[PDB]
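Protein chains get the first letters and strands the later ones, always in sequence-line order, with residue 1 at the start of each. The figures here come from the full heavy-atom set of this structure, side chains too, leaving out hydrogens, waters and symmetry mates.
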Amino acid sequence: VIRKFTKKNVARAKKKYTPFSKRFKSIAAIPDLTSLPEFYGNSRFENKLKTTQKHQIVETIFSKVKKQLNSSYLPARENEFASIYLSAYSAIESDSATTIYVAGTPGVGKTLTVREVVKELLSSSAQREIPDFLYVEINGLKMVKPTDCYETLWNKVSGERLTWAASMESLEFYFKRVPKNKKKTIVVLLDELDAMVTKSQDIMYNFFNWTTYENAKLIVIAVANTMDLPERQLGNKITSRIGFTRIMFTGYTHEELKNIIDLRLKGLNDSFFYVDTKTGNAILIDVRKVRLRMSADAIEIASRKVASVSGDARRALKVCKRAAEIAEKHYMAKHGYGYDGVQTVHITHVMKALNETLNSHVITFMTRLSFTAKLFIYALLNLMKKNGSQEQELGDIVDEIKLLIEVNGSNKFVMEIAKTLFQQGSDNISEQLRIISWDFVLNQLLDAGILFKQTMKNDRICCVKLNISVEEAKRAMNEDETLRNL
Amino acid sequence: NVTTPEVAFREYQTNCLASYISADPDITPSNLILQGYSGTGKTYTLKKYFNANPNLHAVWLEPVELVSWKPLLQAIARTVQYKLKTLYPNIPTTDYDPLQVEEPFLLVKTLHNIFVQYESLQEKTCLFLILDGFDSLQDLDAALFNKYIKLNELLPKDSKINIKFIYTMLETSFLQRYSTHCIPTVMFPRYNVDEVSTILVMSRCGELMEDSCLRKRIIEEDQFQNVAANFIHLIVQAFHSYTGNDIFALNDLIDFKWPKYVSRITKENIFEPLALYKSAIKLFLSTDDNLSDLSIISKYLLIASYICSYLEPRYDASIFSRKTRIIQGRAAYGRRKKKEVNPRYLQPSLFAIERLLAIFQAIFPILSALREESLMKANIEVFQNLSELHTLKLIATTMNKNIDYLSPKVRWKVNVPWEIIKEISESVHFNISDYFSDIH
Amino acid sequence: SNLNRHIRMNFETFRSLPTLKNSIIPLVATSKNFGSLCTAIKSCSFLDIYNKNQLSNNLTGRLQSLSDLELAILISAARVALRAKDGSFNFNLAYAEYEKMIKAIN
DNA sequence: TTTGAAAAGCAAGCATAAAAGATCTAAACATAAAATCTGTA
Ligand SMILES: Nc1ncnc2c1ncn2[C@@H]1O[C@H](COP(=O)(O)OP(=O)(O)OP(=O)(O)O)[C@@H](O)[C@H]1O
Ligand SMILES: Nc1ncnc2c1ncn2[C@@H]1O[C@H](COP(=O)(O)OP(=O)(O)OP(=O)(O)O)[C@@H](O)[C@H]1O
Ligand SMILES: [Mg+2]
Ligand SMILES: [Mg+2]
């Protein structure tokens, strides 16, 4: 058979098609799923990434501060912890089904406190105060396809691998018809729910609908970045019909961020260290004893700057880590140390680490361009000063460049550079319609994002706009000693 | 360590080719561009350079035959495998299917799998992948060439076989889209009239002097090369303003006018070049590069559609109205002052069906006449002829697909030039110029 | 020197060392002996020839390759485009301008 | 034979329809591996 096209790289998973409604003859024929070694979960790739080191690492006194300010390593989230914990505990002890929607901006401690509530629930179930439950964590931004959540959750429930539609019918039949005495309670963390709802609202409506079933024994914790995601993905009738718990996560204040930072630094500040003077390795208590500190006002202004802009813990922790890294860079450069009295992280280190975030490189990039690129930007600024359109044709820029060269003939620099600009300093080269490196600087300003150019194959009538603002361009061209006097 | 051949007006290009293309991969760029317009000798110079250096391993691909990006990737994988197993026949290799390459990443993976089985070679070699006509690809988005610039970065740097890309492109603006990549580029500027004449003489004199018609003409009744060269310069002097500096167009004109020039060669003309030019002077005044049945209702409908497209609809009563009035009234006075732009130089205007049928009725040719009513009405033959004119695209609409013929929003316009409608009107002896003489 | 002149020229136009390397490479590679290489680095005449080649297919070098009929049609089209309000023209208007132009010359 | 005067013409300015197409979606058309269902054995 002669084919019209070929698909030669099809890789298909060995996933079955038959849903759970056909695994048994009747609803009364289903055994105890808790007493089954494939149900409810009743990582071999670590040794791939393993090797042996030859030389010992020199662990500098600041590397403790850097390692201990990582996001991988619950002050201020007590009402949220209490609310999620009492909703989940009350629904678990009553063998009911509930759903808690948690919203907020990134980095405010949403996933962390939901996980801490879940571990506290697991510890209480270890003391047999509440019945046992399965914990499933489903992240919408960790998927190839949004329907794979259906494949994931059922695989955590039954242990078998199905396709997503059959998994959806299996989960529907599990939460609807399977009796409560033959099943276990399930707590689902639906993180990044906006990643799974972009195409359509099937996953949102299915997961919220399963908690309305009397047989479900299902706890769904759904975490998102906007508050009106259920109100705009489902109607108000549906959201009134489910009745989810609604919890917002406001950004941290500066005092809360400060307590977070020095609770990360509780055992390290104002502490002693035995430091090897020839290598720089430090051991927490030929050897010098060095005290280490971070000042209070540095953390204070860092947490004050973060709480004004974003209020998230990740930025505050990362500027503290960057300040410690800057201090350790200067320390290692001063003492000549390698990789294999009082040491302080100062206010100026936090200032510099914040200034790398605060400042922009647009003006600095534009002041170090060539004369032709600055000529292009100056001609563009002259054109938007004259006709006031904010989009200029490229031919108008060419004519404005030609006019600026022709007018300033008495200037020493323009007289010295015009032969370069229109003949590349050579008498065998004819006078060109464009300047030398015209398309080079046009492509460079388009690649940098300074410019925007429309898609048009006529090079004269094609339009170009500044993609930054007019004031950084004015500040850049007034820095140049050539452009600012003409 | 390389040979620089002689190409007659491409000495600088050959020196740049010798400076860039080498068998040592350490001193060879990853990408090389040869940019020039049509007939500038890019293919000729590259072929001469690679045939002067037979130790250089080159694979020739013409991307005008592949059309899309996926056949180009498949052709790269297939031709690289073929060149390697006819270059190293004592190296056992797994023949990978080129049809499995459906992505650029799949090309990277397949080329890596092809190149790892040639690690037993002694020295590092170069594979020259000549993409002769990259911008002759028919689809040709902007982002495709960026995939081919950065292709060498994803391949192992310490491999025995290193792929080198040589691109040939036509348009300057396509090249200037990628100016910041700083790829080495050799330009092939267009030849002048002297260079075109010398190239045409050196490429066509041996074929013209050994043609069958000339040796039939010398039996029917150095100097053969002289008369072939003289014909080539006569063709150039007659037709350089028309062809420009095109080698191909002048080659077609030489091929068209050679037998008609041979057929007028006599004994008095073979040793007299000016008299032989005057004997066949008709071949040099005209280029003659060309290849040189509608109904009467279709013809008059085309004429009426041209009239509707190029006369504004507020003066038709000043031209076509002729019938005696029982009721007092005035017709249109006519246009007051003439326009000074010929409207047939511009695009046609749009009209409705009933205006076309009214003007068609006006311009169609004409006691027993009491029951005659001698005026042709638009019956089904007129509408069938009009629909046939639309499906032949001598009439056009404002929309082209899923056309609503019966909607009043859809308008019609003529789709023929003035010469076609002029010879159509002279086919039916209609004075179409009389409707345009007084208007401009 | 000529080398400092070309480096200054690159600094003011391109400010790109790879651009300069793309010109220096065939200056070195086309030298046949040591004295030729020293003469080539003294003069940098090859850099001028390279710069002339790099501009040979822009709108200037393409203009000098045209025939007189091609140039006449281009000038006629430019005249119609300059007189037009939107700069648009077609073949008929350009031919009319060309034929009245040849008539006024003759 | 005039005449005059209302129909016709024309143009500047402006609100709006509409042409051309950029962008996108969905249906028809097409393939393909794993699972699942059928017919004998
Ligand atoms: N209250 C807190 N106490 C201590 N550390 C915290 C606190 N809140 C956040 N962090 C730190 O900041 C990190 C970010 O928190 P988390 O991952 O819970 O944020 P999130 O609100 O879920 O963010 P996103 O929307 O980006 O997923 C945590 O991993 C932790 O290191
Ligand atoms: N320098 C030359 N010496 C001799 N013949 C030449 C020369 N340049 C071109 N020709 C002749 O003209 C023909 C056209 O040249 P060629 O096909 O190499 O041009 P090109 O620039 O690659 O064209 P295209 O853009 O159409 O692919 C050649 O096949 C050859 O016969
Ligand atoms: Mg999170
Ligand atoms: Mg070619």
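D/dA30 and D/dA34 have their P atoms separated by 24 Å, with the value rounded to a whole Å. One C1' atom belongs to D/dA7, the other to D/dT3, and the distance between them is 16 Å to the nearest Å.
Using a 4.0 Å heavy-atom distance criterion, A/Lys7 is classed as a base contact. Contacts of B/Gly329 with the nucleic acid, taken as non-hydrogen atoms under 4.0 Å apart, are absent. Using a 4.0 Å heavy-atom criterion, one finds that B/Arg411 contacts the sugar-phosphate atoms exclusively. Within the nucleic acid shown, A/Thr163 has no heavy atom closer than 4.0 Å to any nucleic acid atom. Looking at heavy-atom distances under 4.0 Å, A/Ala11 makes no contact with the nucleic acid at all.
Nearest to the side-chain atoms of B/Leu350 among the listed nucleotides D/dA34, D/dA19, D/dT31 stands D/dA19. Counting only heavy atoms from C-beta on, B/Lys413 has its side chain closest to D/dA20 among D/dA20, D/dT31, D/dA32. When distances run from any side-chain atom of A/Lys16 to the nucleotides D/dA34, D/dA33, D/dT36, the shortest one goes to D/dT36. Among the nucleotides D/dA18, D/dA33, D/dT31, the one closest to any side-chain atom of A/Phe5 is D/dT31. Taking the side chain of A/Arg3 as heavy atoms from C-beta on, and the options D/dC10, D/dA33, D/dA32, the nearest nucleotide is D/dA32. Across D/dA8, D/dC10, D/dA19, the shortest atom-to-atom separation from the side chain of B/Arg335 is found for D/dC10.
More than 12 heavy atoms of other residues, nucleotides or ligands lie within 6.0 Å of CE in B/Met399, so this atom counts as buried by the packing criterion.
Close to D/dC10, at under 4.0 Å from its OP1 or OP2, lies a side-chain N or O of B/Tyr315. Contact annotation: A/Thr6 side-chain N/O to D/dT31 OP1/OP2 distance is not under 4.0 Å.
The side-chain tip of A/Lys183 points at the ring of A/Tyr174 from less than 6.0 angstrom away and within 45° of straight on. In this structure, B/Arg411 forms no cation-pi arrangement with B/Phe351, as its terminal cationic atom is not both closer than 6.0 Å to the ring centre and no more than 45° off the ring axis.
One interatomic measurement links the two molecules: NZ of B/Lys401 to P of D/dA19, which rounds to 18 Å at whole-angstrom precision. Summarising the geometry, the separation between CD1 on B/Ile319 and P on D/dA8 is reported as 15 Å, rounded to the nearest angstrom. Between A/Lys14 atom NZ and D/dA35 atom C1' the separation is 11 Å, expressed in whole Å. For the pair B/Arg330 CZ and D/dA6 P, the interatomic distance rounds to 11 Å; values are reported in whole Å. B/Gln328 places its CD atom 13 Å from the P atom of D/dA8, with the value rounded to the nearest Å. Summarising the geometry, the separation between CG on B/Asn402 and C1' on D/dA27 is reported as 15 Å, rounded to the nearest angstrom. Distance, A/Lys199 NZ to D/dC24 P: 16 Å, rounded to whole Å. Atoms CG (A/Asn9) and P (D/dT31) sit 17 Å apart, rounded to a whole Å.
Mapped onto DNA chain D by nearest heavy atom, A/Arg12 and A/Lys4 fall at different nucleotides, with A/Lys4 at the one closer to the 5' end.
Nearest heavy atoms, B/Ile439 versus B/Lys338: O-CB, 3.8 Å.
Ring-plane geometry between B/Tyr435 and B/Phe430 is classed as parallel, the angle between the planes falling under 30 degrees on a 0 to 90 degree scale with a further cut at 60.
Between the side chain of A/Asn209 and the main chain of A/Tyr205, no donor-acceptor pair closer than 3.5 Å is present.
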